[PDB]
Amino acid sequence: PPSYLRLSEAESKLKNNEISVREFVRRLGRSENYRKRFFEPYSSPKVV
Amino acid sequence: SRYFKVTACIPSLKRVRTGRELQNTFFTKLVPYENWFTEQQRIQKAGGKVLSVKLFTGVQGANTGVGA
Amino acid sequence: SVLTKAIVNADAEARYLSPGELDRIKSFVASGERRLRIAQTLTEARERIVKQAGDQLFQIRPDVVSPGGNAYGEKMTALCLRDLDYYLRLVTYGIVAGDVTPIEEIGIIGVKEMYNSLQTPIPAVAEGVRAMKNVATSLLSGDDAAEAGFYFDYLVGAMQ
Amino acid sequence: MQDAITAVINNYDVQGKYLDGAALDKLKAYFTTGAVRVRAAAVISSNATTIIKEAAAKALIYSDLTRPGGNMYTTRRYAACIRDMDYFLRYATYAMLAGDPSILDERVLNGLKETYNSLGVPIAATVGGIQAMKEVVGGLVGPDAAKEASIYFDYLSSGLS
Amino acid sequence: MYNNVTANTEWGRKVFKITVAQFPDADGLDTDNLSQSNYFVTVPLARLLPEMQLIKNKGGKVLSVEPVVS
Amino acid sequence: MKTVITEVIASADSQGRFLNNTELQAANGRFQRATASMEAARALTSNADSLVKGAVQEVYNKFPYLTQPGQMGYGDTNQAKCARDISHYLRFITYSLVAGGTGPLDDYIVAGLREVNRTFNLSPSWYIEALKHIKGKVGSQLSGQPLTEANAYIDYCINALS
Amino acid sequence: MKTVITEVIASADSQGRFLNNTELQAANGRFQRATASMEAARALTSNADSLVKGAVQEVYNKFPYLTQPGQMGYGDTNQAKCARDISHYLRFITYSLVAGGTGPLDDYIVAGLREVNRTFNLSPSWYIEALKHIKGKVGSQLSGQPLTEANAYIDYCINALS
Amino acid sequence: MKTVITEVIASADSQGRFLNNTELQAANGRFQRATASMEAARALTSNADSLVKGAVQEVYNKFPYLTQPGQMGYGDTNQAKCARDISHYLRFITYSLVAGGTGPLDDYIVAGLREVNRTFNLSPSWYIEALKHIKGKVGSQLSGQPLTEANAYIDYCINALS
Amino acid sequence: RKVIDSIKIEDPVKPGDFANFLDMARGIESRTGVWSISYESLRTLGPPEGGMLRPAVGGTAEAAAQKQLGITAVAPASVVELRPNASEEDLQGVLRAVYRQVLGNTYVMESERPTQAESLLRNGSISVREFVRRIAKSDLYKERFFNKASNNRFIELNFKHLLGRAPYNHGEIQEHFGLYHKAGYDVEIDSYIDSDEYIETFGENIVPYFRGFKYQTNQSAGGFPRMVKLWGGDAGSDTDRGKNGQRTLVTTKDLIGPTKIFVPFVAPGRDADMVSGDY
Amino acid sequence: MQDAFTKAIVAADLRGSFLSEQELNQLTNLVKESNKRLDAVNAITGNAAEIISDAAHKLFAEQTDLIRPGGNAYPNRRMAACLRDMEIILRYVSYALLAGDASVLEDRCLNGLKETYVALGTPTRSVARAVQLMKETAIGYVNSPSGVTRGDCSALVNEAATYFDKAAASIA
Ligand SMILES: CCC1=C(C)/C(=C/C2=NC(=C\c3[nH]c(/C=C4\NC(=O)[C@H](C)[C@H]4CC)c(C)c3CCC(=O)O)/C(CCC(=O)O)=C2C)NC1=O
Ligand SMILES: CCC1=C(C)/C(=C/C2=NC(=C\c3[nH]c(/C=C4\NC(=O)[C@H](C)[C@H]4CC)c(C)c3CCC(=O)O)/C(CCC(=O)O)=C2C)NC1=O
Ligand SMILES: CCC1=C(C)/C(=C/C2=NC(=C\c3[nH]c(/C=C4\NC(=O)[C@H](C)[C@H]4CC)c(C)c3CCC(=O)O)/C(CCC(=O)O)=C2C)NC1=O
Ligand SMILES: CCC1=C(C)/C(=C/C2=NC(=C\c3[nH]c(/C=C4\NC(=O)[C@H](C)[C@H]4CC)c(C)c3CCC(=O)O)/C(CCC(=O)O)=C2C)NC1=O
Ligand SMILES: CCC1=C(C)/C(=C/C2=NC(=C\c3[nH]c(/C=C4\NC(=O)[C@H](C)[C@H]4CC)c(C)c3CCC(=O)O)/C(CCC(=O)O)=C2C)NC1=O
Ligand SMILES: CCC1=C(C)/C(=C/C2=NC(=C\c3[nH]c(/C=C4\NC(=O)[C@H](C)[C@H]4CC)c(C)c3CCC(=O)O)/C(CCC(=O)O)=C2C)NC1=O
Ligand SMILES: CCC1=C(C)/C(=C/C2=NC(=C\c3[nH]c(/C=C4\NC(=O)[C@H](C)[C@H]4CC)c(C)c3CCC(=O)O)/C(CCC(=O)O)=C2C)NC1=O
Ligand SMILES: CCC1=C(C)/C(=C/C2=NC(=C\c3[nH]c(/C=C4\NC(=O)[C@H](C)[C@H]4CC)c(C)c3CCC(=O)O)/C(CCC(=O)O)=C2C)NC1=O
Ligand SMILES: CCC1=C(C)/C(=C/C2=NC(=C\c3[nH]c(/C=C4\NC(=O)[C@H](C)[C@H]4CC)c(C)c3CCC(=O)O)/C(CCC(=O)O)=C2C)NC1=O
Ligand SMILES: CCC1=C(C)/C(=C/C2=NC(=C\c3[nH]c(/C=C4\NC(=O)[C@H](C)[C@H]4CC)c(C)c3CCC(=O)O)/C(CCC(=O)O)=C2C)NC1=O
Ligand SMILES: CCC1=C(C)/C(=C/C2=NC(=C\c3[nH]c(/C=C4\NC(=O)[C@H](C)[C@H]4CC)c(C)c3CCC(=O)O)/C(CCC(=O)O)=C2C)NC1=O
Ligand SMILES: CCC1=C(C)/C(=C/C2=NC(=C\c3[nH]c(/C=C4\NC(=O)[C@H](C)[C@H]4CC)c(C)c3CCC(=O)O)/C(CCC(=O)O)=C2C)NC1=O
Ligand SMILES: CCC1=C(C)/C(=C/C2=NC(=C\c3[nH]c(/C=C4\NC(=O)[C@H](C)[C@H]4CC)c(C)c3CCC(=O)O)/C(CCC(=O)O)=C2C)NC1=O
């Protein structure tokens, strides 16, 4: 991403081993950057 | 806004996986409070060992400012 | 057991056991004394079952007790029958538990890798267990011999 | 986990022993109590909600615990507490069916003491919630099953203290 | 002299001298470092009965008691 | 010297305490049991020597090389000192029987046993075999609680030597 | 908890030693003595109710002034806590009888007695007089070795309080 | 593990002290002595096979009866475990030679020796006789200070067993 | 001519006169084959003969469990003792071992040295036991191990310094603190030194050494891992100058183990108001 | 320390009660069987050395790895420690048997023992086995002794077994 959405503090949390890759992925799933771009425009069935 | 900071050891006991896996089984991870009840059950239903837990983030008091 | 397998389903859905789950525990436990008799008979004839299994095996495939064979020699043979004694034991465990949980963790998960490493023909080995079933099936009266036979055929099934 | 039938097998397997007379006697001692365990589980399961309600009423609510400053103040925490209660009841029912407490260690007690210390959850108050559910259970299940159900509630409660 | 500074009470101020001769008890050979069985302890008055009790308890023989402070 | 009486007194003294009902009950055991003990004692006392000559010989019969020349079961002095030694053991067994405890055995034979036997090249095996034999024959001189007592102390010596 | 059995085991353990004939003789005393002890125990057990009311009253009859207002034998709570306390003593006496030693008395009543009584302004004299009375009446409930046992333990409490 | 080096270091440490000329002089002894020690070690090392078979046999030749049935020099397993045991001794002798002290002998054979031998009914006499024989033959494999070293350690084992 | 219940009878066709399974039971015989292999010797099976000097799998090499825990210089501890008519270096070696053991590896500065006791210990007017008692009642011991800790830490530090072993049960601690409250610290220190465990082992001239790592007679088996918790390394000490000055170890949750029954079943449930009728 | 009577007393006291007629007669029965109990304890004491020795011979017969270099009963020092532990456990089992209660065994011997062995690298399964062998032989002796009056000692043989089995379970 052109230095976009990304993960300020998210990157340090994943590296540092404060957070584990599964966890980081879960954070990424529920975020504005994600809601917009994949759930912003779709009935309830293809977004699932 | 409350994050526990658990630590576990889960030992694979159904498959003898063949590559890597060190960090898969002995690891420290803050997991948010909303999900920590399930993560603990999942560690326990795999014969895992929950070595440590902490509050880490939240105050250990409550009512306002907890369930955000 | 049936209990271990089933309760696990209860706890995982955060609930008490179902009428169904309770019923099967009841039917299972009613079939207890018979299963215990099947294990006793076979425990009582273990040495006969193993050796006669071992003869039946080496006829059907001798090469293993020959110059370039994995079981060639007196102490390389003392180990092959010992492995046959191991699996008969696990079969008695399985029969009294009513499923394979114990049989599986103790002697199939990791095996095939285990046998393979040592370079033993896995089908050679399943003959031998299949041969043990025959000797043993014959020291039991017709009803108990079948009940025992299911556990022998399980091991034969798993090793492949 | 392990149960009475399974424990007998793994306890002997590590010694490489056939099941012998002593083993066979233990397994009989389990099978002979089996039908009674099943009936008791069906009573507990079908009265689950009433047992929690009566146990909370005798040992938790109408108190400082449910008042501001108390750990089961807020609908959130009241819900979490009786949720916990249901776990205990449900797992004790598993332990009693299995005739082995090992599941109570593997899936309930491990780390729970410190989890409760970390959140501030009152341990002594939780034990009373366990021993009140036992009291109710022992009435509902009858002479046949009372002692056998009771022990796994007692296992749970000395596991926290 | 003795052990020196004692307890501050007057009943701690009086130290006495005991010459003993400990005997081999029974039951066992001592192969460790042994000492010649005579010796002497200076004990304050406040302590004295435990010390004489454990001296005569281990087969000992109290040979002399002396008033060294008082 | 260890007896029921000395033991309870030792335990009282060490807590600075008068004898109480616990300690007097104990003493009654020792006194109630004197009759059986002392019957064993009288029987072992009058039927005595031959036990020594029997056991001495058996040491040579079980270790033949013993009674051969250059060996430690040869010549009057070895064979004399052997009889004497078994006699010492039987003597202390009777004392332990009469005393109500192992004291006489502990103080006069057990304390120091191995050091002595090791310096003098005396094998415990002989002494165990002397005692095993004495135990065989005492089977028909006594019975009931006198035999149990005799056995208790013979076995105590055999364990001291193993 | 001090019994003949625990005492001999303690003494063995502390010398790193198996139980020997000395220690088993001791144990036989405790077992031989159980019959008399346990007869005393059963008699003291069923008469407890009245033994307690008898001794409680006797404390007031010997110390008349206790029952006047402003005093410690006045009002339901003092008189209630008194009955209870004598009942505690009789209870531990029966336990000591059954146990074969003073342990129950030592651990539950003697350890700490004076400190407690001194903080709470409880005179031992009352308790001695309660026990002296209990001793008078137990003269006709028992006889022979059961009485001697009952006496042993009652007297043990009286000495603990002097 | 006791060597000249460890001993002087232990003595320094326990006084909280740097190694001084006293301790370094000591170390020079151990280093100067290594040549003779290590020659003994090499000779004992390559002859091990036969030194062991020689001593094993000599145990049977000196105690003929051991090789009869029902005895402890009979059957493959006893005779196998014997060779092994003498081999253990020679092994630790070479180690003690190489190490510059008795440490290896003290830690691996002496500590516990008698308890083990006593539980397993192993007579030291055999082992002394194995070692006396090994000492006889090592008279012609070595000479001068290598022989003195070999002797020092063989004799050390014989004294450990007496 | 007797009972019905011989009804256990096999029902096959019995063998004919030369079947291959009449001489079957004699066919298992006296050769070197699959029927020659002794059955009960299957468990104790080895390599291709691997004879007797193959090392064990997972070798350990004696004094490595000591090396793993780092208790090498301490298990077993060397015995230091004042011989009669000792020289100066002997007395300095004894004094150093006393200051290492009794003061728990904490350091004394040159101003803190109890000098005028040593002029006497060099005289021989006191023994090593009396000198240990005099140190343990002085302010060097009192400031470090008593003045900033609770009674549990102080009582367990007395066992480590004076007796060299760990507390055995809760009864050892509940006996000693009762003596402390009844009779003060001076009788309390004397209770360890006048005990039977001191007089039997250390006598009158032997500096106290570590005994909690080997077996001692009349020990509880919790006494070893408690001593491992108390040990804290060779370069460790019982100093207070850290961030937690003498927090407790071997907590009375160690000394009494499992619990069984009770929680106080209290009622913060509420009761009151009264109206009457209609039901 | 508890014995079987002391145990009764502690449970009674926790009720605030004089001993129940139930508990009284259970203890009257223990006194009834006490001569047999003394013979049973005496059987072990009188053969302690052989019980340990025979257990030992058999343990190393089965597990020849322990007596190889690398093994936990090698060299002499370790074998002596192992022989010593066998004695210690047999000793506390005999104490429990005189007492009619396992507590001395659990409190003075078994408490912490497993964690000690793991710290040391001592194979607990081998130690458990050595305990199983001591049990076989010890009971052998309890059942077949020198001129004891003939009767039934199975109740006591069971109870002794549970003490051996407690120790085994606790350690493995
Ligand atoms: C949202 C709140 C939050 C904070 C504040 C945060 C800090 C933080 N700083 C980090 C590293 C770092 N922080 C610095 C900071 C500095 N270097 C200097 O010399 C200066 C003194 C200072 C800047 C003024 C540096 C250089 C690293 C990299 C260390 C490395 O190379 O691993 C890391 C490790 C992961 C990573 O490298 O990103 C974290 C998590 N993380 C968070 O989640
Ligand atoms: C990529 C680097 C890496 C390594 C090295 C690694 C080791 C490793 N070994 C494991 C288990 C294990 N490791 C062993 C090993 C042995 N058993 C013995 O007795 C022998 C002494 C030894 C073989 C020589 C065994 C038996 C287990 C299973 C333990 C269990 O049953 O849970 C586990 C637990 C998860 C699993 O069971 O797979 C890990 C992660 N993991 C990694 O990611
Ligand atoms: C601030 C967040 C919060 C709330 C709201 C709360 C409610 C609450 N309501 C309760 C009982 C109750 N609440 C009611 C209420 C009603 N009965 C009816 O039929 C009506 C529908 C309703 C009145 C409008 C009744 C009747 C009980 C008694 C129920 C019982 O005792 O079984 C109790 C148990 C008694 C106690 O221990 O206090 C709690 C904790 N607790 C909290 O922490
Ligand atoms: C499957 C086995 C299992 C158990 C037993 C379990 C317990 C458990 N109880 C929790 C919290 C809690 N537990 C309670 C319990 C109580 N409050 C009281 O005052 C009473 C004394 C008591 C009820 C009787 C409360 C109030 C919380 C919420 C604490 C918070 O606000 O964070 C949490 C934190 C995560 C969450 O809030 O869900 C867990 C994991 N988790 C599990 O996985
Ligand atoms: C500094 C080095 C040192 C020496 C030299 C020493 C001698 C010494 N020998 C002693 C006893 C003894 N010494 C002997 C020696 C003998 N009995 C005889 O008949 C023979 C003539 C002689 C052997 C040749 C005996 C028998 C006793 C015990 C006396 C008794 O307790 O009755 C004792 C009394 C303490 C004890 O019994 O352990 C000491 C201190 N102690 C030491 O620490
Ligand atoms: C108070 C208790 C007590 C005991 C038990 C005792 C044993 C004892 N046996 C000894 C010698 C001896 N013991 C024997 C024993 C035997 N010779 C044989 O023919 C048989 C093989 C065997 C008898 C079974 C022999 C031959 C000697 C002489 C050893 C010597 O001086 O070379 C000696 C050396 C002093 C001496 O020469 O008399 C002692 C102290 N001493 C005691 O004071
Ligand atoms: C387990 C064994 C045990 C004993 C023996 C025991 C004695 C005992 N007696 C007490 C009080 C008492 N004891 C009495 C005794 C008496 N009052 C009278 O009318 C008579 C003069 C006399 C009976 C002879 C009284 C009046 C109190 C109340 C003292 C107070 O709190 O002011 C208390 C203080 C706690 C309380 O108030 O209950 C203890 C501990 N406690 C124990 O746990
Ligand atoms: C590291 C140093 C070390 C030594 C020295 C050692 C000695 C030793 N010898 C033993 C047995 C043995 N030792 C022998 C010795 C002999 N048999 C004969 O034919 C001869 C008479 C004699 C040789 C001179 C015998 C027969 C056994 C078997 C004893 C038994 O188990 O019954 C055992 C018992 C364990 C086992 O059975 O292997 C030990 C520990 N172990 C060690 O670890
Ligand atoms: C209870 C308090 C107490 C006193 C009073 C005491 C005196 C005392 N002075 C001593 C030595 C000494 N005292 C002196 C004193 C002197 N030399 C001279 O020429 C002068 C005349 C004089 C100084 C004014 C000397 C030189 C020695 C050493 C003697 C030697 O070792 O040769 C010693 C021998 C132990 C040692 O050297 O430390 C004692 C016990 N010790 C005590 O514990
Ligand atoms: C540093 C100064 C210091 C303190 C403060 C201290 C506390 C302390 N209290 C203890 C016991 C105790 N403390 C109490 C106190 C109470 N019981 C109750 O029910 C009440 C709520 C409370 C009185 C108000 C009791 C009953 C015990 C004995 C517990 C037992 O052994 O079962 C113990 C265990 C050792 C012993 O019993 O002597 C310690 C160390 N020790 C110290 O050295
Ligand atoms: C086994 C051999 C051994 C070692 C290595 C050892 C280390 C050690 N250093 C200590 C303290 C100390 N160590 C230092 C060292 C330093 N301060 C600094 O700022 C520098 C960075 C550094 C010097 C280079 C200081 C200042 C203390 C005192 C800390 C305090 O009390 O506040 C202490 C606490 C006890 C005491 O103060 O005496 C120990 C045990 N102790 C031992 O027995
Ligand atoms: C409370 C009573 C009590 C017990 C039970 C006890 C056990 C115990 N066993 C120990 C060692 C030991 N225990 C053994 C035992 C064995 N090795 C094997 O291979 C076999 C499987 C087994 C014999 C059956 C060995 C070999 C050691 C020494 C370990 C080492 O130092 O490497 C140690 C370490 C201290 C020492 O070596 O003396 C303790 C504390 N200590 C006690 O005070
Ligand atoms: C010195 C301590 C001491 C001991 C040891 C002791 C033993 C003792 N065992 C006895 C009985 C007995 N002992 C046994 C024991 C056994 N029966 C068997 O067949 C088994 C092999 C063995 C099992 C342990 C039996 C069956 C009786 C007879 C029944 C009875 O009196 O209870 C009797 C009653 C008298 C008799 O019938 O001989 C005594 C006094 N008394 C004591 O004061």
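All ligand and atom numbering here is 1-based and tracks the order in the structure. All chains are named by letter (A, B, ...) in the order of the sequence lines, taking the proteins before the strands, and each is independently numbered beginning at 1.
Among all protein heavy atoms, the one lying closest to atom 30 (C) of ligand 10 is I:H170 NE2, 4.5 Å. Closest to atom 11 (C) of ligand 13, if we only count protein heavy atoms, is J:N35 CB, 4.1 Å. What sits closest to atom 6 (C) of ligand 13 on the protein, heavy atoms only, is F:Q145 OE1, 3.4 Å. Among all protein heavy atoms, the one lying closest to atom 20 (C) of ligand 13 is J:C153 SG, 3.3 Å. For atom 15 (C) of ligand 13, the closest non-hydrogen atom on the protein side is J:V148 CG1, 3.2 Å. Distance from atom 41 (N) of ligand 10 to its nearest protein heavy atom, with residue and atom name: I:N151 ND2, 3.2 Å.
The residues I:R165 and I:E172 are annotated as salt-bridged, a charged nitrogen and a carboxylate oxygen being separated by less than 4.0 angstrom.
Taking all atoms of both residues into account, the shortest heavy-atom contact from I:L162 to I:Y192 is CD1-CB, 3.8 Å.
Note that G:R91 lies outside the cation-pi zone of G:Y108, set by a 6.0 Å cut-off to the ring centre and a 45° limit from the axis.
By the 4.0 Å heavy-atom criterion, J:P145 is counted among the residues contacting ligand 13.
Nearest residue to atom 5 (C) of ligand 13 from J:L156, J:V41, J:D39, J:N42 is J:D39 (criterion: closest heavy atom).
Considering backbone and side-chain atoms alike, J:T149 places an N or O below 3.5 Å from some N or O of ligand 13.
Of the candidates I:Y180, I:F154, I:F177, I:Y185 forms a ring pair (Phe, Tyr, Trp, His ring centres under 6.0 Å) with just one, namely I:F154.
For atom 24 (C) of ligand 13, the nearest protein heavy atom lies closer than 4.0 Å.
Listed by atom number, the atoms of ligand 1 under 4.0 Å from A:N16 heavy atoms are 34 (C), 35 (C).
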